[PDB]
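# Overview (structure and organization)
Spelled out, the chains give:
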Amino acid sequence: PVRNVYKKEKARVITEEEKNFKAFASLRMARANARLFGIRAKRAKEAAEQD
Amino acid sequence: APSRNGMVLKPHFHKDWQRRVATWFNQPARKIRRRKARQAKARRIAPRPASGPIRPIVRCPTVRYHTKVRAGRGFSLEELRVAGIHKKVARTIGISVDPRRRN
Amino acid sequence: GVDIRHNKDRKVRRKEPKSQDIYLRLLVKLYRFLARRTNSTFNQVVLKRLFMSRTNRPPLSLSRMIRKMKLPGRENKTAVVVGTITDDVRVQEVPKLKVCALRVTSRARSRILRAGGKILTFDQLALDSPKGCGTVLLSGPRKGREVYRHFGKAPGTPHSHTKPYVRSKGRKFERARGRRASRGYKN
Amino acid sequence: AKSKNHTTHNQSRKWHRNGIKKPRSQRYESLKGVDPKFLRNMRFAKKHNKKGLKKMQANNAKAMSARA
Amino acid sequence: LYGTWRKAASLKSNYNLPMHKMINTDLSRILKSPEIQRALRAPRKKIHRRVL
Amino acid sequence: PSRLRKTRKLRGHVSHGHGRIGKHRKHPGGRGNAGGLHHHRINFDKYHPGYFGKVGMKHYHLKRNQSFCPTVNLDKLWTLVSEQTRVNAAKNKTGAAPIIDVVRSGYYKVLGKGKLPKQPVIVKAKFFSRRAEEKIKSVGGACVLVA
RNA sequence: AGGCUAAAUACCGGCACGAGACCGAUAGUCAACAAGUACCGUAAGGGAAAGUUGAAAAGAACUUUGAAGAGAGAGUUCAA
RNA sequence: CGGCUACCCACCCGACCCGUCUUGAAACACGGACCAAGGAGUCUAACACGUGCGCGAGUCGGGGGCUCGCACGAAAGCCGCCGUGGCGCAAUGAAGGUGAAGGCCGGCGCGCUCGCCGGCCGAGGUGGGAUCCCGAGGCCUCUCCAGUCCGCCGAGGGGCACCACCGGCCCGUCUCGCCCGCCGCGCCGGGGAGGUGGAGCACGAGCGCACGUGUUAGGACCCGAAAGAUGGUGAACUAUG
RNA sequence: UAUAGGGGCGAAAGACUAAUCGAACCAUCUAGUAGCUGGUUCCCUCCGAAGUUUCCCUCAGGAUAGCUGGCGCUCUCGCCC
RNA sequence: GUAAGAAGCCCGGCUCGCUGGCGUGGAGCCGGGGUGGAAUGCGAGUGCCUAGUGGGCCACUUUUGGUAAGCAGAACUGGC
Ligand SMILES: [Mg+2]
Ligand SMILES: [Mg+2]
Ligand SMILES: [Mg+2]
Ligand SMILES: [Mg+2]
Ligand SMILES: [Mg+2]
Ligand SMILES: [Mg+2]
Ligand SMILES: [Mg+2]
Ligand SMILES: [Mg+2]
Ligand SMILES: [Mg+2]
Ligand SMILES: [Mg+2]
Ligand SMILES: [Mg+2]
Ligand SMILES: [Mg+2]
Ligand SMILES: [Mg+2]
Ligand SMILES: [Mg+2]
Ligand SMILES: [Mg+2]
Ligand SMILES: [Mg+2]
Ligand SMILES: [Mg+2]
Ligand SMILES: [Mg+2]
Ligand SMILES: [Mg+2]
Ligand SMILES: [Mg+2]
Ligand SMILES: [Mg+2]
Ligand SMILES: [Mg+2]
Ligand SMILES: [Mg+2]
Ligand SMILES: [Mg+2]
Ligand SMILES: [Mg+2]
Ligand SMILES: [Mg+2]
Ligand SMILES: [Mg+2]
Ligand SMILES: [Mg+2]
Ligand SMILES: [Mg+2]
Ligand SMILES: [Mg+2]
Ligand SMILES: [Mg+2]
Ligand SMILES: [Mg+2]
Ligand SMILES: [Mg+2]
Ligand SMILES: [Mg+2]
Ligand SMILES: [Mg+2]
Ligand SMILES: [Mg+2]
Ligand SMILES: [Mg+2]
Ligand SMILES: [Mg+2]
Ligand SMILES: [Mg+2]
Ligand SMILES: [Mg+2]
Ligand SMILES: [Mg+2]
Ligand SMILES: [Mg+2]
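Residues numbered from 1 in each chain as written, not as in the entry; some residues may be left out. Chains lettered and ligands numbered in written order. Part of a larger assembly, values for the part shown. Heavy atoms only, no water.

## Concerning the side chain of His40(F)
By the element assignment, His40(F) lies in the loop between α1 (6-9) and α2 (41-44). For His40(F), a relative accessible area of 15% corresponds to the buried category. The contact partners of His40(F), leaving out residues within four places of it in the chain, are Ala1(B), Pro2(B), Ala34(F) and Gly35(F). (Helix = DSSP H or I, 4+ residues; strand = E, 2+ residues; numbered from the N terminus. Buried < 20%, exposed > 50% of the residue type's maximum accessible area, 1.4 Å probe, protein only. Contact = heavy atoms within 4.5 Å.)

Structure follows, in structure tokens:
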């Protein structure tokens with residue numbers, strides 16, 4: 001019952017601007033967004049509250 | 001008591017460890033017992049296969065082992081209902097059934 | 001007595017190899033004969049390195065054994081190692097160089113034979129070069145051993161950079177008094 | 001129970017049992033412990049030596065080898 | 001069950017025959033070969049004992 | 001081997017390798033790590049500095065199971081897949097590139113080293129160092145985040 | 001906040017069983033033997049020493065000194 | 001006839017009775033009447049270092065499984081889609097986390113204490129450094145000529161290992177200024193130049209077994225106490241009703 | 001016949017409590033621990049000390065440095081310097 | 001305590017964000033030229049692991065307290 005699946009997906013050509021789009025900064029942006037998600041929502045609620 | 005440049009050692013031998021020393025001198029004994037247990041099962045019990053019931057494809061819960069795969073316990077009653085057979089009828093057919101496993 | 005000087009009778013040396021390897025004893029016999037009969041200081045140093053121990057003959061690596069041949073003047077010379085030459089997982093291109101070593105590993109022998117090089121042993125090295133002409137005698141990273149990184153004048157007093165012994169490299173193991181200036185002193 | 005307090009007898013002999021050593025080997029003396037303004041002089045001088053010494057020193061070596 | 005130095009063992013999984021330390025190991029043949037005796041000093045068999 | 005043990009050789013000497021004056025009796029200093037601050041500080045300090053005190057936060061119920069990320073270097077980045085694969089995939093055929101998936105090899109984070117040749121590859125991983133990301137962009141490969 | 005349930009697991013007591021790079025009668029269990037016996041302490045309890053004739057008793061008939069113990073001859077045995 | 005010798009005796013000279021505590025023992029210091037047997041540095045776990053072997057960026061099945069029921073077989077052999085796992089290949093931080101390649105050439109933005117584009121080299125440099133390479137030169141019985149021949153070397157070069165120094169890279173803090181990108185333009189991320197702290201990188205040397213020494217914990221080289229706790233047995237002696 | 005162990009009993013000596021009493025006896029923990037006495041088992045060869053610095057409720061002890069041994073490694077002379 | 005050389009002298013040039021009338025100073029780097037540079041003796045350097053020691057005493061000399069001591073305490077060297 002192991003059946004270690006081998007999804008190969010070998011032959012492909014390097015493509016368009018995804019190679020210039022998937023840089024390191026996506027992980028740091030996602031980390032900062034996860035750390036500062038709710039506090040921005042609190043400041044948006046306060047900006048809607050304080051008129 | 002200490003000495004030159006060596007690692008600080010804290011062995012857990014202050015408790016009376018001399019009474020409870022379980023040394024595996026019966027390790028080939030247990031091996032022969034369990035061989036004869038499996039062989040006596042495969043002889044006398046049934047022409048059912050050894051390690052009888054069929055186990056599921058199951059992913060391991062971690063950030064560590066979840067890429068890998070595992071033989072689980074049972075076939076997760078919604079899965080068994082989609083397969084379309086009764087519970088104990090499946091247990092007597094040879095299907096391993098776990099009522100806890102969700103989907 | 002007579003000699004007012006101190007007595008240091010035996011100097012330091014290891015004459016007979018402590019290993020009981022029969023093949024190593026035969027190589028010791030052959031290169032002892034060549035070292036005392038050829039006036040070849042190459043054979044002198046190879047005989048001393050055969051006398052030398054297991055730890056003090058460190059394993060050569062394939063990239064270092066390439067780079068010491070890549071220098072100008074080592075075109076057709078043979079790289080002679082008293083010790084083992086192992087595989088390197090790093091490099092990708094292997095030249096057409098000639099190797100004379102003891103106990104080359106399996107993947108290293110396979111990649112040298114695929115690249116076209118010629119591996120030898122010390123008996124064929126002696127049959128091809130009695131005086132050792134056309135050879136470059138190499139050695140490996142002795143100081144790179146993990147045991148040598150615990151060695152120094154101290155583990156911590158002028159900060160010493162010399163790796164004290166501990167079980168687990170992490171928090172709560174030897175990091176408070178003498179490792180930072182907020183808890184007591186700082187080295 | 002009074003004991004002997006302090007002496008330096010049989011000490012210089014133990015010192016000279018092993019041959020009192022000068023450190024005796026410092027070629028290219030150690031550079032730490034020197035003025036940081038002088039270090040801001042010397043390190044920037046070294047890295048601009050690494051950058052911009054090539055063509056003038058090369059032509060000067062060619063000139064002195066041609067004149068020598 | 002063990003193989004040669006060309007192929008592996010087909011019954012065992014990851015075993016090869018070990019690499020020999022000396023390929024041609026006849027020490028008398030090596031010491032009587034012309035390539036070795038071309039490059040020797042001289043057989044020096046004088047004794048030069050103690051002179052009273 | 002008691003015949004190679006020192007004890008059989010020292011039979012005949014009176015004090016048996018431990019002196020007539022000093023008299024090693026039972027435990028002259030203590031037991032184990034006795035006197036870590038009082039009378040053995042020149043051995044606990046000067047050989048194990050940092051041994052006494054608290055150092056930081058106390059993560060209750062810490063597992064070595066959530067922080068699991070085995071790092072792979074760019075030297076190791078090629079040999080997770082065989083050399084036949086990269087040679088027959090980048091032997092002047094086209095602008096294609098083989099994919100080296102480190103998650104199948106068992107490594108999560110790709111770190112940066114040297115020795116990354118001209119032939120570009122696509123690396124699928126969960127984490128990247130920006131050094132290795134710049135090395136892959138310099139050799140012309142791609143960088144794919146998977147999970 | 002009610003309940004049952006075999007398996008793998010443990011066993012220096014007991015019933016039979018097999019093996020040992022172990023000890024060989026001051027050793028090995030305290031105990032190779034009428035050993036938890038003799039014996040000691042009011043009692044709780046403590047606790048020993050002690051193996052070997054010969055192949056087979058064929059254990060020395062008979063004479064003689066002595067009241068006997070014990071001898072001197074003789075005899076059995078490969079050898080008293 | 002010769003004969004040293006664990007036989008005895010004599011003679012000349014020297015010679016206090018051993019073991020240990022001690023600065024000092026023949027001591028008016030202690031133990032020893034004599035003899036036979038027993039009698040004291042072991043074993044386990046952990047660590048460190050050295051040595052020996054196998055494999056070597058890997059290594060190890062000690063946990064189980066497979067073989068027909070074999071005395072030695074409680075052995076040995078095999079697993080490989082049994083490598084889960086231990087150690088090592090990555091460190092630095094209290095942590096969120098981050099995490100080790102740089103250099104050259106040509107063009108350009110004011111080569112401006114400044115960034116971009118293409119190509120090339122690749123773990124940097126200096127001083128030492130076994131070994132190795134090129135080689136001036138002269139050297140072999142009476143004339144030029146030659147090839148290995150007898151036969152070294154002035155001087156020069158690439159430089160193993162390792163040592164000293166300089167430089168570079170990573171991580172945490174410290175100072176100073178400018179720039180870049182947007183799965184969405186923000187108390188967002190990333191970058192630069194110097195100064196420090198690290199048990200780091202700067203072509204990796206570990207894993208397993210065995211042996212030796214030392215240390216630690218366990219009765220721990222052997223023998224030794226005044227003491228404490230738990231549970232029971234005694235007023236047949238004596239004390240008092 | 002009653003009082004049984006930190007209990008009894010005492011015209012009081014801390015006396016008696018089964019030859020033991022300023023805390024009975026037997027067994028177990030227990031081979032309690034000891035920086036303190038005594039002892040520590042075959043031969044030959046080679047090298048061979050210290051009673052001193054600093055610290056400790058340290059002063060009969062230990063840690064550190066020093067003195068010492070063992071294992072090697074890197075080199076050098078061996079053919080006017 | 002220091003010096004009695006090839007790790008030293010001398011010449012020529014590049015760099016500096018240090019310094020600054022000045023190509024001024026100072027450091028670093030590169031290239032080149034000459035080793036016969038006091039006496040005597042010696043083959044040197046270096047890494048790891050560790051036992052014992054941690055009660056001392058005596059003597060010439062220099063000395064502190066004490067009347068003095070085979071008394072107590074220091075210095076150099078030698079010895080037990
Ligand atoms: Mg000690
Ligand atoms: Mg206990
Ligand atoms: Mg003499
Ligand atoms: Mg003293
Ligand atoms: Mg001795
Ligand atoms: Mg001691
Ligand atoms: Mg329930
Ligand atoms: Mg229940
Ligand atoms: Mg059960
Ligand atoms: Mg007997
Ligand atoms: Mg007995
Ligand atoms: Mg019989
Ligand atoms: Mg009668
Ligand atoms: Mg007989
Ligand atoms: Mg003494
Ligand atoms: Mg005395
Ligand atoms: Mg006496
Ligand atoms: Mg006596
Ligand atoms: Mg005996
Ligand atoms: Mg080792
Ligand atoms: Mg794994
Ligand atoms: Mg006792
Ligand atoms: Mg108490
Ligand atoms: Mg009770
Ligand atoms: Mg009565
Ligand atoms: Mg009364
Ligand atoms: Mg009590
Ligand atoms: Mg009484
Ligand atoms: Mg009392
Ligand atoms: Mg009591
Ligand atoms: Mg004991
Ligand atoms: Mg001597
Ligand atoms: Mg104090
Ligand atoms: Mg003291
Ligand atoms: Mg004493
Ligand atoms: Mg010490
Ligand atoms: Mg020594
Ligand atoms: Mg010792
Ligand atoms: Mg003492
Ligand atoms: Mg005195
Ligand atoms: Mg005195
Ligand atoms: Mg004397």
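That was the structure; now back to the text.
## With respect to the interface of chain F and chain A
With 20 residues of chain F at the interface, the matching set in chain A holds 15 residues. Taking both partners together, chain F and chain A bury about 1400 Å²; carbon and sulfur atoms supply 61% of that area. When the area that chain F buries against chain A is broken down by residue, the three leading residues are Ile99(F), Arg104(F) and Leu145(F), summing to 33%. At the boundary of chain F with chain A, the tally comes to one salt bridge. Contributions of two or more residues to the side of chain F that touches chain A are made by β2 (96-97), β5 (122-125), β6 (127-128), α5 (130-139) and β7 (142-145) of chain F. (Buried area = accessible area lost by both parts, 1.4 Å probe. Salt bridge = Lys/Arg side-chain N within 4 Å of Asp/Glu carboxyl O.)

## Concerning the sheet that holds strand β1 (residues 71-72) of chain F
Residues and elements named next belong to chain F. Spatially, three strands are ordered β1-β4-β6 in an open sheet, and the strand pairing comes out parallel. In the strand order of this sheet, the two ends are held by β1 and β6, each with one partner. Bridge analysis of strand β4 (residues 109-110) against β6 gives two bridges, and the strand direction is parallel. Bridge pairing links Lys-109 to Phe-127 in β6. (Pairing = 2+ DSSP bridges.)

## Brief notes about the nonpolar core
Membership of the largest hydrophobic core comes to 26 residues, with the highest contact counts inside it found for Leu30(C), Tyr31(C), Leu34(C), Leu50(C), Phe122(C) and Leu125(C). Among the secondary structure elements, those contributing two or more residues to this core are α1 (22-37), α2 (41-51) and α5 (122-128) of chain C together with α1 (27-31) of chain E. (Core = buried A, V, L, I, M, F, W, Y, C linked by side-chain atoms within 4.5 Å.)

## Overview of the protein's contact with RNA strand H
Not every one of the 147 residues close to RNA strand H is listed here, only the nearest: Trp17(B), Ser63(C), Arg64(C), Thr7(F) and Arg131(F). Among all atoms of RNA strand H positioned within 4 Å of the protein, those belonging to sugar or phosphate total 75%. In this structure, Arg43(A) approaches RNA strand H through a side-chain N or O atom, which is 3.1 Å from a phosphate oxygen. A distance of 3.0 Å separates a phosphate oxygen of RNA strand H from a polar side-chain atom of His159(C). Of the residues assigned to the surface near RNA strand H, the class counts are 43 nonpolar, 41 polar and 63 charged. (Near = heavy atom within 4 Å. Polar contact = N/O pair within 3.5 Å; in protein donor to acceptor, adjacent residues only side chain to side chain. Nonpolar A, V, L, I, M, F, W, Y, C, P; charged D, E, K, R; others polar.)

## Quick word on the packing of aromatic side chains
In the structure shown here, the tally under the stated rule is eight aromatic pairs over all chains. Measuring from ring centre to ring centre gives 5.9 Å for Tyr148(C) and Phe151(C), while their planes differ by 45°; the resulting arrangement is tilted. The interplanar angle of 70° and the centroid separation of 5.8 Å between the aromatic rings of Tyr2(E) and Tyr15(E) together place this pair among those described as edge-to-face. Residue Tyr2(E) is found in the segment before α1, and its partner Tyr15(E) is found in the segment before α1; the two are separated by 13 residues along the sequence. Residue class for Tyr15(E) comes out partly exposed when judged on its relative accessible area of 30%. Feature note: the residues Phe44(F), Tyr51(F) and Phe52(F) constitute an aromatic cluster, connected by ring pairs. Between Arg30(B) and the ring centre of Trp24(B), over which it is positioned, the NZ or CZ distance is 3.8 Å. (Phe/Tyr/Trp six-rings, centres within 6.5 Å; stacked < 30°, edge-to-face > 60°. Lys NZ or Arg CZ within 6 Å of the ring centre and 35° of its normal.)

## Some thoughts on the sheet that holds strand β2 (residues 78-81) of chain C
All names here are of chain C. Strand order in the open sheet formed by four strands is β5-β4-β2-β6, with parallel pairing between adjacent strands. The sheet terminates laterally at β5 (118-120) and β6 (135-138), the two strands that pair on one side only. The average undirected angle you get between the axes of adjacent strands in this sheet is 20°. For strand β4 (residues 98-100) and β5, the ladder comprises three bridges, and the chain directions are parallel. Bridging from a neighbouring strand, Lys-98 pairs with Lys-118 of β5. Docked against the sheet, α2 engages β2 and β6, running at close to 30° with respect to β6. (Axes fitted to C-alpha atoms, helices over the stretch in contact; angles between N-to-C directions.)

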